[PDB]
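**Q** Take this structure first; my questions come after.
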Amino acid sequence: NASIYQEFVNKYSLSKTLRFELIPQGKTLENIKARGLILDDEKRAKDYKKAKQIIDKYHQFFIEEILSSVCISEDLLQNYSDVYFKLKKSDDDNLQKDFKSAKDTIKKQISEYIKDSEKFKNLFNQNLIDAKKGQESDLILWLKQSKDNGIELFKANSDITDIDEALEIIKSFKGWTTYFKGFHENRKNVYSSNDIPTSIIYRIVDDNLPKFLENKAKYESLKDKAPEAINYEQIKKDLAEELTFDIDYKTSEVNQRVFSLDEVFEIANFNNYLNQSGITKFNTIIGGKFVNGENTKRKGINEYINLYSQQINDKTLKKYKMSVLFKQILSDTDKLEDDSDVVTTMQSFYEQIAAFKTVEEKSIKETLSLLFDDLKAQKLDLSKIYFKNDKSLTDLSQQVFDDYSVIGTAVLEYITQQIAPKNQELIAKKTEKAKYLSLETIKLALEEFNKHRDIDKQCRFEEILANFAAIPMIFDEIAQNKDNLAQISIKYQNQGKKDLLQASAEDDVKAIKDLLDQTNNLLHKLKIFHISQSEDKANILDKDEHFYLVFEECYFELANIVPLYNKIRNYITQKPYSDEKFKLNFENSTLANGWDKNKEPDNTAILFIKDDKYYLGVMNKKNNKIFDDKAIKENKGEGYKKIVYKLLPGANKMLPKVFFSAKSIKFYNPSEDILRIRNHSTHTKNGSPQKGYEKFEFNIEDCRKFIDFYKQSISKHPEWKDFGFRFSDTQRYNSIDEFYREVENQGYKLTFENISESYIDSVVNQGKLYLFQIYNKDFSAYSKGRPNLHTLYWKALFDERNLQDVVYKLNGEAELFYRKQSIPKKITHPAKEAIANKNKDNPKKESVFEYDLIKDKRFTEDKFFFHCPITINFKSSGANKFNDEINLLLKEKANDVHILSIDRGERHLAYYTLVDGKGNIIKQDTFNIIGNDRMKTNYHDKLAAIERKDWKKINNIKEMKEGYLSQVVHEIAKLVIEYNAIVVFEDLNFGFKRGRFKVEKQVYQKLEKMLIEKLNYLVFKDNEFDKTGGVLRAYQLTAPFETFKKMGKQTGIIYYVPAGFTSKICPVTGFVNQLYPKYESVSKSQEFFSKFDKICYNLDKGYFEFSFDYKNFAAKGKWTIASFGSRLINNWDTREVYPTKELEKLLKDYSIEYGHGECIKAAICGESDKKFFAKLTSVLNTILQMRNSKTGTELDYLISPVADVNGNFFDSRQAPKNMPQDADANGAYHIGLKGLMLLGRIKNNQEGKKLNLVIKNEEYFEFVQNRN
RNA sequence: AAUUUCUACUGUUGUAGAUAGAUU
Ligand SMILES: [Mg+2]
Ligand SMILES: [Mg+2]
């Protein structure tokens, strides 16, 4: 059996960055501290933190200015309003496309306007902090203007005192602009036109515009129905400052005057809002404002509606109240480093909750109590109020009705009888694909659903209303608990102390968590009402404007928990040490940007090799010529070997730029012919000719002529002449890109220069060069074991075997870092003193050490770090169309392939099954045990040992689980190569498992991702260097990871199949239970049992038999289930039940006589008694239960009611080795069967491009049943 | 209970596997 992956190696190139520690050598540290370089860069990091804040202030200013300047045409806004309001009442896919496009053209206008502005162009690049040509810095100009105009910008900021400091901080970065290269990338979004929730455009159109339109419609209707509601004269006198607007967009006339409430609500005048200042003005109009002298609040539109509602004593008028506009991004309104932060932030949050007053001017508790009481009182319109259809509704159904499926089944069935009573995608749109469901729909559906069910089993809508009537009671507990928190807060109020996370405080922490949990859970219950836009649907719906106005107002204030919850939790679970570090550049703006020899004086970083040890060194800025050609000539000696780095990147643009520019032109002497070639670009099929010259058709002789000129010029070039290019004969290539590729592949070359030890020692001794040793425990003298993979890669960079045909390449843009001391150095385990060994199975229970052992020693001392990127498979091309290649490879080699199916068990962390092409199981075992002869570690026992109330334990379990996964991906890899398999996982994107498992969906998703990334480059440490699977040749079975969503049905060699119906199936017969006896009602039970083909007693065998065809009741077949086994009945203690004896008892109890083996079907249908059918369906369900488990015994198994051709029943305990041994093994096995289907579809695919990797349940059932 | 970093460790100044850094 050859390895089907034997030739899948060196397939595609990918980048990786290796990490190492730098150990100062000789007098290096002494000189560095003497110059104080580290402290300077440390201050530079703090100045970075402040500098981000300054650049934020400039961003905020620019947002205001540009948005104030921006105008948008009335036609587009009116198109928006029209499609929007049309979309409210009727949801048409046409209006969906129309709404998206009408929205997108608004965003396009806003973005296209801002991007052409001058302040924006220099905003994200080097020119922001740097002075171009003569021009000074835009940011500095802004700061200087802010000092000249006497505005105090930074008074709010604690870090920055005054504008002079900000100017000095910004000037400090003038050559250091690269410090912000990451920062600017993140801020690039702020102005983006895409779907990002953090954008100025997104807030304008996606957030504020609908609210404004609603406010407009409420204003117009208010004028119509309530003409004297607003006092129009008085609002001008009070709010005049806000009523003043610079430009009227309706008439496009520029004049400064108070605007009429009619004018402010003109759709064209939205442009005066949409920026922070206008948003503030508008909001003041809506809600009113305060003047410091007055002592009373100036009334707003809303208060006028409120008071006029009092005069006429009408509650309807409040339905016209208006929602506040969202504040613009980066507006002037965080991280918890100590106990004071936890205490103060929590106190502030809950004080905000308690003191908040809604639009109705009552507390959140009072508002919600009044609100939900109204919903129960029926006063509200249930046609206009919606439940979100996500897990929130399922959770509601389970909460009140004790079944998650009731509501969904009820609405589906109700709508089915509604729109299609007589007899498909249409009903789905109305129910299953509906993003939000109306309360009216739920009530009607439930009533009609309850009409046919016994009063015993009925589920009532009044229960749901009572459920939400109950919620405000939670507030009382909150109010109580925070009072206790007050006393807890005082002891932890200390400013610098961390003691909250010590052991003595755990009880208080429990109190804190319980409080936060109560609030967070309260939010989760309310989350169902929230209206959240989801992609692929606008989710604009006709709604009660008062209900959602007050509810959204409460919800958004309450929703602040999740940031608070996450921050406090993160604080409690933080590790003893700290990972904080800051960048080290020694006096040089560009440190590692390239290793090139020509750029050595500029970049200042060089690499040495001494014996098997590797050293990095950095020349002092003043003396960077240390290694110039004369010096390496004078000092050549055998002590250290400096690395000579030569690279020709980007051949396509590099060759022409060098040969065809400036003085080089005269040197390289391009001929009149080849100059004609270049100008008209005849050498390129499609390329830009030199501007001013017209593109010509590709001519092959011309291209080859150009190649010849390039070769000649390479021979003349001083540096590239020594690269020793070996080129195919110029006549051989069909395209210029092939020559470029040869140039690029041979362009990277690494050589060494010997340097005397005395020269290195002296030059570091004088402070001229800083020498560090690149180190990890694999480089220690004591380390005889197997090295880290990264250690193998780093060693491989300089290996001669690698240098012949380059696999591992050295990359530029490396970085050095400094990490200060995070913890006291404590001797946890003194030497010569024995230690208990934590591993349960370890033979030696004690270990004795001659040297001290220090917990988390790496963080006890300051340390230097080095991050060096490298390129893997440099000569190989980029990765594309990988799945097609893999599928073809399987197509040819499918005779030899296997299926490795992995599943997260209920009693097992993970389980796998190797399956034959025919479907037999070659091997199955648990992943619980990770071990070699030295050590076996059982993660199942370890994990079960830990199991989780407090935050710290939950975190420890999660972290351990993720690390255990890091172990398991290797086992999977070994099995893949060994057995020639393909990995089959359950699909976690859609169709993920329902139940309770030892490994959560989120963690298992991590496992799938980790296995993808591991199979990107797969190396076995013991495999031979040159041979496949070795350091040079690593199996590449997967394309690089992209996103969880794009994993899809197949990634590389890994296939994701739906997990549905995996664990509930009979292995031999493929039996599935798709007919679920629920005992809906007596009559329905009679109909349900009547559909059975025949129900009788088998006299010879001794068990009852139920025979049926699914056609009468998704699944198809003739089954004839049996009662044979004993079933353990599912926390609370287990009892073993015998279905045969139970049925004997039930039938004997009634008139029915089974003892003759006559068919009972008619007699069963004869009884009208509730009790008979209730117990009968219960017994039948017991018969249908395949998985039986004892909670304490940790034993579960699968047995199936249907019989094979021999009449033997499948039992996991009596099962052979090629059949699943336990209940979880079944699920793994059937995941493999779905993979077998995918294997077959790969095997049989034809010239048609599309391979169908999606497995429908019908296909699943048919395949599984007849195959054996 | 030692680590470029992570998990489990003692597998002995480290052991097995994992490990794309930076940035927000
Ligand atoms: Mg090792
Ligand atoms: Mg540890």
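Simple scheme: letters A, B, ... for chains in structure tokens order, numbers from 1 for residues in each chain, numbers from 1 for ligands in the order shown.
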Would you mind listing the residues within 8 Å of ligand 1, counting only C-alpha atoms (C1' of nucleotides) and all ligand atoms, as a ChimeraX atom specification?
**A** /A:778,783-788 /B:15-16
**Q** Write a file of the selected residues as a PDB file, in the first residue's frame, keeping N, CA, C and O atoms (P, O5', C5', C4', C3', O3' and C1' of nucleotides).
**A**
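Produced file result38.pdb, reproduced below:
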ATOM      1  N   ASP A 778      15.581  24.031  23.203  1.00  0.00           N
ATOM      2  CA  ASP A 778      16.140  23.052  22.288  1.00  0.00           C
ATOM      3  C   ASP A 778      17.584  23.362  21.932  1.00  0.00           C
ATOM      4  O   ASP A 778      18.272  22.497  21.387  1.00  0.00           O
ATOM      5  N   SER A 783      19.871  19.532  26.285  1.00  0.00           N
ATOM      6  CA  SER A 783      18.662  19.076  25.612  1.00  0.00           C
ATOM      7  C   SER A 783      19.051  18.015  24.606  1.00  0.00           C
ATOM      8  O   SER A 783      19.548  18.317  23.522  1.00  0.00           O
ATOM      9  N   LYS A 784      18.784  16.769  24.960  1.00  0.00           N
ATOM     10  CA  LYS A 784      19.017  15.636  24.088  1.00  0.00           C
ATOM     11  C   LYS A 784      17.757  15.125  23.419  1.00  0.00           C
ATOM     12  O   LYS A 784      17.837  14.196  22.618  1.00  0.00           O
ATOM     13  N   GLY A 785      16.601  15.700  23.714  1.00  0.00           N
ATOM     14  CA  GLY A 785      15.359  15.187  23.191  1.00  0.00           C
ATOM     15  C   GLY A 785      14.987  15.791  21.850  1.00  0.00           C
ATOM     16  O   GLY A 785      15.758  16.512  21.211  1.00  0.00           O
ATOM     17  N   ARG A 786      13.771  15.496  21.421  1.00  0.00           N
ATOM     18  CA  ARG A 786      13.342  15.904  20.099  1.00  0.00           C
ATOM     19  C   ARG A 786      13.014  17.391  20.089  1.00  0.00           C
ATOM     20  O   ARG A 786      12.301  17.873  20.974  1.00  0.00           O
ATOM     21  N   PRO A 787      13.523  18.142  19.121  1.00  0.00           N
ATOM     22  CA  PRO A 787      13.375  19.596  19.129  1.00  0.00           C
ATOM     23  C   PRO A 787      12.002  20.060  18.671  1.00  0.00           C
ATOM     24  O   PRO A 787      11.242  19.331  18.037  1.00  0.00           O
ATOM     25  N   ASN A 788      11.706  21.315  18.985  1.00  0.00           N
ATOM     26  CA  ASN A 788      10.477  21.918  18.497  1.00  0.00           C
ATOM     27  C   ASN A 788      10.489  22.012  16.977  1.00  0.00           C
ATOM     28  O   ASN A 788      11.543  22.106  16.346  1.00  0.00           O
TER      29      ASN A 788
ATOM     30  P     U B  15      14.257  18.146  26.260  1.00  0.00           P
ATOM     31  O5'   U B  15      13.355  17.226  27.172  1.00  0.00           O
ATOM     32  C5'   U B  15      13.371  15.824  27.008  1.00  0.00           C
ATOM     33  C4'   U B  15      12.022  15.228  27.299  1.00  0.00           C
ATOM     34  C3'   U B  15      10.981  15.375  26.212  1.00  0.00           C
ATOM     35  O3'   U B  15      11.125  14.415  25.187  1.00  0.00           O
ATOM     36  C1'   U B  15      10.034  15.974  28.272  1.00  0.00           C
ATOM     37  P     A B  16      11.059  14.854  23.648  1.00  0.00           P
ATOM     38  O5'   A B  16       9.577  14.498  23.206  1.00  0.00           O
ATOM     39  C5'   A B  16       8.802  13.569  23.939  1.00  0.00           C
ATOM     40  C4'   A B  16       7.340  13.657  23.581  1.00  0.00           C
ATOM     41  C3'   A B  16       6.966  14.627  22.475  1.00  0.00           C
ATOM     42  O3'   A B  16       7.139  14.080  21.187  1.00  0.00           O
ATOM     43  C1'   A B  16       5.547  14.968  24.309  1.00  0.00           C
TER      44        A B  16
END
**Q** Excluding residue A:90 and its own-chain neighbours fewer than 5 positions away, which residues fall within 10 Å of it when counting only C-alpha atoms (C1' of nucleotides)? Please give them as a list in words.
**A**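 Residues meeting the cut-off are residues 85, 95, 540, 541 and 542 of chain A.
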**Q** Output N, CA and C atoms of each residue in that selection to a file, as a CSV table (one decimal), in the first residue's frame.
**A**
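The resulting out-v8.csv:
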chain,number,residue,atom,x,y,z
A,85,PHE,N,-40.3,52.4,3.5
A,85,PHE,CA,-41.7,52.4,3.9
A,85,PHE,C,-42.5,51.3,3.2
A,95,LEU,N,-38.0,44.3,-3.2
A,95,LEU,CA,-37.7,45.4,-2.3
A,95,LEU,C,-36.4,45.2,-1.5
A,540,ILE,N,-36.8,45.2,8.2
A,540,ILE,CA,-37.7,46.3,8.4
A,540,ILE,C,-39.1,45.7,8.6
A,541,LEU,N,-39.7,46.0,9.7
A,541,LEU,CA,-41.0,45.4,9.9
A,541,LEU,C,-41.9,46.4,10.6
A,542,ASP,N,-43.2,46.4,10.3
A,542,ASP,CA,-44.2,47.2,10.9
A,542,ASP,C,-44.3,46.9,12.4
**Q** For ligand 2, list the contacting residues at 8 Å or closer, counting only C-alpha atoms (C1' of nucleotides) and all ligand atoms, as a PyMOL selection string.
**A** (chain A and resi 856) or (chain B and resi 1+7-9)
**Q** Residues of chain B within 7 Å of chain A, counting only C-alpha atoms (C1' of nucleotides), what are they? List them as a PyMOL selection string.
**A** chain B and resi 1-4+7+11+13-14+17-18+20-21+23-24
**Q** Give me a file of those residues, with C-alpha atoms (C1' of nucleotides), as a PDB file, in the first residue's frame.
**A**
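Output saved as again_36.pdb:
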ATOM      1  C1'   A B   1       6.916  22.325  38.421  1.00  0.00           C
ATOM      2  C1'   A B   2      11.724  24.728  34.099  1.00  0.00           C
ATOM      3  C1'   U B   3       9.157  26.663  27.928  1.00  0.00           C
ATOM      4  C1'   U B   4       9.856  31.757  21.937  1.00  0.00           C
ATOM      5  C1'   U B   7      -1.237  22.891  27.395  1.00  0.00           C
ATOM      6  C1'   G B  11       9.529  13.065  30.675  1.00  0.00           C
ATOM      7  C1'   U B  13      18.958  22.662  34.216  1.00  0.00           C
ATOM      8  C1'   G B  14      14.293  19.766  30.656  1.00  0.00           C
ATOM      9  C1'   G B  17       2.770  17.627  20.963  1.00  0.00           C
ATOM     10  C1'   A B  18       1.359  22.092  19.371  1.00  0.00           C
ATOM     11  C1'   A B  20       1.825  33.632  11.980  1.00  0.00           C
ATOM     12  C1'   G B  21       4.042  37.297  14.359  1.00  0.00           C
ATOM     13  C1'   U B  23      -1.974  45.162  15.289  1.00  0.00           C
ATOM     14  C1'   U B  24      -7.058  46.526  17.322  1.00  0.00           C
TER      15        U B  24
END
**Q** Using backbone DSSP assignments, extract all helix (DSSP H, G or I) residues from stretch 1027-1218 of chain A; output them as a PyMOL selection string.
**A** chain A and resi 1045-1047+1082-1090+1139-1149+1161-1166+1170-1184
**Q** Neighbours of residue A:708 within 10 Å (only C-alpha atoms (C1' of nucleotides); same-chain residues fewer than 6 positions away dropped), as a list in words?
**A**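 Non-adjacent residues within range: residues 674, 702, 714, 729, 730 and 731 of chain A.
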**Q** Identify, on the basis of only C-alpha atoms (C1' of nucleotides), every residue whose closest approach to stretch 306-321 of chain A does not exceed 7 Å; exclude the query and any residue fewer than 3 positions from it along the same chain; express the result as a ChimeraX atom specification.
**A** /A:218,222,229,302-303,545-546
**Q** Quick one: residues within 9 Å of residue A:345, only C-alpha atoms (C1' of nucleotides) counted, chain neighbours fewer than 3 positions away excluded, as JSON, numbers by chain?
**A** {"A": [334, 336, 340, 341, 342, 348, 349, 350, 564]}
**Q** Applying 10 Å and only C-alpha atoms (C1' of nucleotides), which residues near residue A:675 remain after dropping the ones on its own chain fewer than 5 positions away? List them as an MDAnalysis selection string.
**A** chainID A and resid 660 669:670 680:681 706
**Q** Those residues with N, CA, C and O atoms, as a tab-separated table (two decimals), in the first residue's frame please?
**A**
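File written: result_0.tsv
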chain	number	residue	atom	x	y	z
A	660	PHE	N	16.28	50.23	-16.64
A	660	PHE	CA	15.71	51.27	-17.49
A	660	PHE	C	15.66	52.66	-16.86
A	660	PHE	O	14.98	53.53	-17.42
A	669	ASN	N	22.64	50.20	-21.78
A	669	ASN	CA	22.67	50.40	-23.22
A	669	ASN	C	21.60	49.58	-23.93
A	669	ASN	O	21.93	48.77	-24.81
A	670	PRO	N	20.33	49.74	-23.58
A	670	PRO	CA	19.29	49.03	-24.32
A	670	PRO	C	19.28	49.44	-25.78
A	670	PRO	O	19.45	50.61	-26.12
A	680	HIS	N	6.20	49.86	-26.49
A	680	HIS	CA	4.91	49.32	-26.90
A	680	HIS	C	4.56	48.03	-26.18
A	680	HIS	O	3.48	47.49	-26.40
A	681	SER	N	5.45	47.54	-25.32
A	681	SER	CA	5.18	46.39	-24.47
A	681	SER	C	4.72	45.19	-25.29
A	681	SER	O	3.78	44.48	-24.92
A	706	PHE	N	13.54	40.49	-25.55
A	706	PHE	CA	13.57	41.20	-24.28
A	706	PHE	C	14.21	40.35	-23.20
A	706	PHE	O	15.00	40.85	-22.39
**Q** Running DSSP on the backbone, which parts of stretch 235-452 of chain A land in strand (DSSP E), as a ChimeraX atom specification?
**A** /A:244-248,253-258,289-290,297-298,386-388,436-438
**Q** Dump N, CA and C atoms for the selected residues as a PDB file, in the first residue's frame?
**A**
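Just written: again.pdb:
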ATOM      1  N   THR A 244     -30.737  76.797  15.221  1.00  0.00           N
ATOM      2  CA  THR A 244     -29.972  77.499  14.202  1.00  0.00           C
ATOM      3  C   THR A 244     -29.204  76.497  13.352  1.00  0.00           C
ATOM      4  N   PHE A 245     -29.309  76.630  12.035  1.00  0.00           N
ATOM      5  CA  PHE A 245     -28.616  75.757  11.099  1.00  0.00           C
ATOM      6  C   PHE A 245     -27.976  76.603  10.011  1.00  0.00           C
ATOM      7  N   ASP A 246     -26.805  76.176   9.542  1.00  0.00           N
ATOM      8  CA  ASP A 246     -26.021  77.027   8.654  1.00  0.00           C
ATOM      9  C   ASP A 246     -26.589  77.042   7.245  1.00  0.00           C
ATOM     10  N   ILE A 247     -26.958  75.883   6.712  1.00  0.00           N
ATOM     11  CA  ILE A 247     -27.399  75.781   5.331  1.00  0.00           C
ATOM     12  C   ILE A 247     -28.669  74.948   5.271  1.00  0.00           C
ATOM     13  N   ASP A 248     -29.650  75.430   4.516  1.00  0.00           N
ATOM     14  CA  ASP A 248     -30.926  74.750   4.320  1.00  0.00           C
ATOM     15  C   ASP A 248     -30.821  73.897   3.063  1.00  0.00           C
ATOM     16  N   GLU A 253     -30.197  77.113  -0.091  1.00  0.00           N
ATOM     17  CA  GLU A 253     -29.793  78.486   0.168  1.00  0.00           C
ATOM     18  C   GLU A 253     -28.976  78.528   1.445  1.00  0.00           C
ATOM     19  N   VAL A 254     -27.948  79.360   1.460  1.00  0.00           N
ATOM     20  CA  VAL A 254     -27.037  79.433   2.591  1.00  0.00           C
ATOM     21  C   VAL A 254     -27.385  80.670   3.400  1.00  0.00           C
ATOM     22  N   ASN A 255     -28.005  80.470   4.560  1.00  0.00           N
ATOM     23  CA  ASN A 255     -28.310  81.555   5.480  1.00  0.00           C
ATOM     24  C   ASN A 255     -28.409  80.979   6.881  1.00  0.00           C
ATOM     25  N   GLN A 256     -27.981  81.749   7.869  1.00  0.00           N
ATOM     26  CA  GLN A 256     -28.003  81.303   9.256  1.00  0.00           C
ATOM     27  C   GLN A 256     -29.243  81.871   9.921  1.00  0.00           C
ATOM     28  N   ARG A 257     -30.187  81.000  10.256  1.00  0.00           N
ATOM     29  CA  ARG A 257     -31.419  81.424  10.902  1.00  0.00           C
ATOM     30  C   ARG A 257     -32.000  80.243  11.653  1.00  0.00           C
ATOM     31  N   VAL A 258     -32.867  80.542  12.621  1.00  0.00           N
ATOM     32  CA  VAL A 258     -33.616  79.472  13.258  1.00  0.00           C
ATOM     33  C   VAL A 258     -34.474  78.791  12.211  1.00  0.00           C
ATOM     34  N   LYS A 289     -33.421  70.494  26.637  1.00  0.00           N
ATOM     35  CA  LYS A 289     -32.066  70.740  27.107  1.00  0.00           C
ATOM     36  C   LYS A 289     -32.111  71.416  28.462  1.00  0.00           C
ATOM     37  N   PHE A 290     -30.927  71.631  29.016  1.00  0.00           N
ATOM     38  CA  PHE A 290     -30.740  72.248  30.314  1.00  0.00           C
ATOM     39  C   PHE A 290     -29.844  73.465  30.161  1.00  0.00           C
ATOM     40  N   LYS A 297     -35.894  72.590  33.106  1.00  0.00           N
ATOM     41  CA  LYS A 297     -35.512  72.062  31.805  1.00  0.00           C
ATOM     42  C   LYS A 297     -36.317  72.732  30.707  1.00  0.00           C
ATOM     43  N   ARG A 298     -35.630  73.163  29.656  1.00  0.00           N
ATOM     44  CA  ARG A 298     -36.316  73.673  28.480  1.00  0.00           C
ATOM     45  C   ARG A 298     -37.019  72.524  27.770  1.00  0.00           C
ATOM     46  N   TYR A 386     -42.916  41.559  17.876  1.00  0.00           N
ATOM     47  CA  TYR A 386     -42.295  40.383  17.297  1.00  0.00           C
ATOM     48  C   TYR A 386     -41.346  39.708  18.274  1.00  0.00           C
ATOM     49  N   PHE A 387     -41.201  38.401  18.100  1.00  0.00           N
ATOM     50  CA  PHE A 387     -40.149  37.612  18.716  1.00  0.00           C
ATOM     51  C   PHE A 387     -39.089  37.322  17.670  1.00  0.00           C
ATOM     52  N   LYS A 388     -37.826  37.446  18.050  1.00  0.00           N
ATOM     53  CA  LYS A 388     -36.766  36.970  17.177  1.00  0.00           C
ATOM     54  C   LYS A 388     -36.863  35.454  17.082  1.00  0.00           C
ATOM     55  N   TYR A 436     -38.198  37.286  11.962  1.00  0.00           N
ATOM     56  CA  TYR A 436     -38.962  37.678  13.135  1.00  0.00           C
ATOM     57  C   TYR A 436     -40.391  37.198  12.966  1.00  0.00           C
ATOM     58  N   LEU A 437     -40.992  36.739  14.059  1.00  0.00           N
ATOM     59  CA  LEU A 437     -42.374  36.290  14.063  1.00  0.00           C
ATOM     60  C   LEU A 437     -43.210  37.212  14.931  1.00  0.00           C
ATOM     61  N   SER A 438     -44.440  37.466  14.500  1.00  0.00           N
ATOM     62  CA  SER A 438     -45.329  38.365  15.221  1.00  0.00           C
ATOM     63  C   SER A 438     -45.990  37.650  16.390  1.00  0.00           C
TER      64      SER A 438
END
**Q** For stretch 1197-1201 of chain A, find every residue with an atom within 9 Å (counting only C-alpha atoms (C1' of nucleotides)), except residues of its own chain fewer than 4 positions away, and show them as number ranges by chain.
**A** A: 1063-1067, 1069, 1071, 1120-1125, 1127, 1183-1189, 1209-1213, 1220-1224, 1226
**Q** Could you save those same residues with N, CA and C atoms as a short mmCIF file (atom, residue, chain, number, x, y, z; two decimals), in the first residue's frame?
**A**
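Contents of the output file result-v3.cif:
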data_model
loop_
_atom_site.label_atom_id
_atom_site.label_comp_id
_atom_site.auth_asym_id
_atom_site.auth_seq_id
_atom_site.Cartn_x
_atom_site.Cartn_y
_atom_site.Cartn_z
N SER A 1063 -25.92 9.25 15.53
CA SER A 1063 -25.81 8.39 16.70
C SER A 1063 -27.06 7.60 17.02
N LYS A 1064 -28.17 7.89 16.36
CA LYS A 1064 -29.43 7.24 16.64
C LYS A 1064 -29.75 6.10 15.69
N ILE A 1065 -28.81 5.70 14.83
CA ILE A 1065 -29.08 4.75 13.74
C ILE A 1065 -28.58 3.37 14.11
N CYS A 1066 -29.30 2.36 13.64
CA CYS A 1066 -28.85 0.98 13.70
C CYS A 1066 -27.71 0.73 12.71
N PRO A 1067 -26.56 0.26 13.16
CA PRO A 1067 -25.43 0.10 12.23
C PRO A 1067 -25.69 -0.91 11.13
N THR A 1069 -28.69 -2.41 9.94
CA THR A 1069 -29.84 -2.20 9.10
C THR A 1069 -30.04 -0.76 8.66
N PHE A 1071 -31.54 1.39 10.42
CA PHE A 1071 -32.84 1.81 10.90
C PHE A 1071 -32.73 3.16 11.59
N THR A 1120 -40.64 -3.26 10.87
CA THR A 1120 -41.00 -4.30 11.84
C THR A 1120 -40.05 -4.29 13.04
N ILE A 1121 -40.23 -3.26 13.88
CA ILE A 1121 -39.44 -3.14 15.11
C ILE A 1121 -39.92 -4.14 16.15
N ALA A 1122 -39.05 -4.45 17.10
CA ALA A 1122 -39.31 -5.49 18.09
C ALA A 1122 -38.96 -4.99 19.49
N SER A 1123 -39.54 -5.66 20.48
CA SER A 1123 -39.43 -5.29 21.89
C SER A 1123 -38.34 -6.05 22.64
N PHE A 1124 -37.50 -6.80 21.94
CA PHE A 1124 -36.70 -7.87 22.54
C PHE A 1124 -35.94 -7.43 23.79
N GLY A 1125 -35.09 -6.43 23.66
CA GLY A 1125 -34.14 -6.16 24.71
C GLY A 1125 -34.78 -5.62 25.97
N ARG A 1127 -34.41 -2.09 28.25
CA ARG A 1127 -33.99 -0.72 28.04
C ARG A 1127 -33.82 -0.02 29.38
N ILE A 1183 -39.35 1.20 23.47
CA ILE A 1183 -38.84 0.27 22.48
C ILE A 1183 -37.95 1.00 21.49
N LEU A 1184 -38.34 2.21 21.11
CA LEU A 1184 -37.61 2.96 20.11
C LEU A 1184 -36.31 3.54 20.64
N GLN A 1185 -36.05 3.46 21.94
CA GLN A 1185 -34.85 4.09 22.49
C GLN A 1185 -33.69 3.13 22.32
N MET A 1186 -32.74 3.49 21.47
CA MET A 1186 -31.60 2.64 21.17
C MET A 1186 -30.46 2.81 22.16
N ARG A 1187 -30.23 4.04 22.62
CA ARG A 1187 -29.10 4.32 23.48
C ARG A 1187 -29.54 4.19 24.93
N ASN A 1188 -28.85 3.34 25.68
CA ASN A 1188 -29.17 3.10 27.08
C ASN A 1188 -27.92 3.30 27.91
N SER A 1189 -28.05 4.01 29.03
CA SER A 1189 -26.89 4.38 29.82
C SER A 1189 -27.25 4.43 31.29
N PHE A 1209 -30.30 -9.39 16.88
CA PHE A 1209 -30.43 -7.97 17.16
C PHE A 1209 -29.07 -7.38 17.51
N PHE A 1210 -28.81 -6.17 17.03
CA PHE A 1210 -27.52 -5.54 17.26
C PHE A 1210 -27.39 -5.10 18.71
N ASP A 1211 -26.30 -5.51 19.34
CA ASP A 1211 -26.02 -5.12 20.71
C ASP A 1211 -24.55 -4.74 20.78
N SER A 1212 -24.27 -3.53 21.25
CA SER A 1212 -22.89 -3.07 21.29
C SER A 1212 -22.04 -3.95 22.19
N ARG A 1213 -22.62 -4.50 23.26
CA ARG A 1213 -21.82 -5.29 24.18
C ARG A 1213 -21.39 -6.61 23.55
N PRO A 1220 -19.28 -0.97 15.68
CA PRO A 1220 -19.07 -0.03 16.79
C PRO A 1220 -19.19 -0.70 18.14
N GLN A 1221 -18.23 -0.41 19.01
CA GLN A 1221 -18.21 -1.06 20.31
C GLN A 1221 -19.13 -0.40 21.33
N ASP A 1222 -19.33 0.91 21.25
CA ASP A 1222 -20.21 1.58 22.20
C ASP A 1222 -21.04 2.62 21.47
N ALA A 1223 -21.84 3.35 22.25
CA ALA A 1223 -22.80 4.28 21.66
C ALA A 1223 -22.11 5.38 20.89
N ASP A 1224 -21.01 5.90 21.43
CA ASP A 1224 -20.30 6.96 20.73
C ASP A 1224 -19.63 6.43 19.48
N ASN A 1226 -20.75 4.39 17.53
CA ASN A 1226 -21.75 4.40 16.47
C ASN A 1226 -21.75 5.73 15.74
#
